[PDB]
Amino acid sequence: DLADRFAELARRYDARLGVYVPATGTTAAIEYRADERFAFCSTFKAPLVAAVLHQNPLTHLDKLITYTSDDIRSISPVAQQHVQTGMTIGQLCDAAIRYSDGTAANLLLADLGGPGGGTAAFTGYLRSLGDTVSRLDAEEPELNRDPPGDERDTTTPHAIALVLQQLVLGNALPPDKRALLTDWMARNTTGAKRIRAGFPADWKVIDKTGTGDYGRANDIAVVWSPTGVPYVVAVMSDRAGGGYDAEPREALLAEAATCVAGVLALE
């Protein structure tokens, strides 16, 4: 019935929905269009921070990065206040996740280095976690704006959910690096109307949002039951039939999350 409930919800919002919740010891995987491609949009910033943590000792977080006004070409709530001061790698990770700061993300991509301003290095990191699906080809803001047919800058709910599983619940990062990523996602400022709005207040939610053209609205989360049982939740959406300026619908993600929460709850 639950694939039917997701299909009804998507029809009612005039959208395409994708959902993946990985299996646990006690729960089946939840999958709806889970192997269909969707744009990352800013959801890639969570694994990008993991890539920078993975590659470097934690002393690297104190490295100062300077930049100029020419580096601000995407929504950058933190980096546009620090053009004259610069920002540390740690401050950039914080901004990339908690404020979805595009300049911060582009500077972290450059910190990974190599062809395409770091986009190849980012993609290679996802390949190292066994993700052969996802790809990042463009920096901010172009990666939000590919037409629906373009595989560039896309992932699948399945792929990104298993990446996030590995990073937050698995062994991809040592505990100190894992704790930094977890905390930044836990204090994200952008996600109140998405997966967070679909889970009861006694569930902890950590997340990273994404938003873009063609009605794209995404959220990737790790949630903790009131008794400390964790689950990964990936919800992706777009509205290819509404044009490049279709309105993203945050509440569709909240409603899909409500359905997920209904199946995961155990009173």
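One rule holds for the numbers: they count along the sequence shown, beginning at 1.
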Take the C-alpha B-factors listed in the entry for 137 to 145 and for 88 to 96, compute each mean, and give the stretch with the larger one.
137 to 145
Quick one: say whether 219 to 227 or 45 to 53 has the higher mean Cα B-factor in the deposited entry.
219 to 227
Among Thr154, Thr123, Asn171, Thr103, the highest C-alpha B-factor in the PDB entry belongs to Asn171
Highest recorded C-alpha temperature factor, please, choosing from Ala39, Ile206, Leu61, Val232.
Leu61
Relative C-alpha B-factor of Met236, binned into the chain's lowest, middle or highest third:
lowest
Tell me, lowest, middle or highest third: where does the Cα B factor of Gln81 rank within its chain?
middle
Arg196 CA temperature factor, ranked by third within the chain:
middle
For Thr132, the third of its chain into which the C-alpha B factor falls:
highest
Ranked against its chain, the third holding the CA B-factor of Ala251:
middle
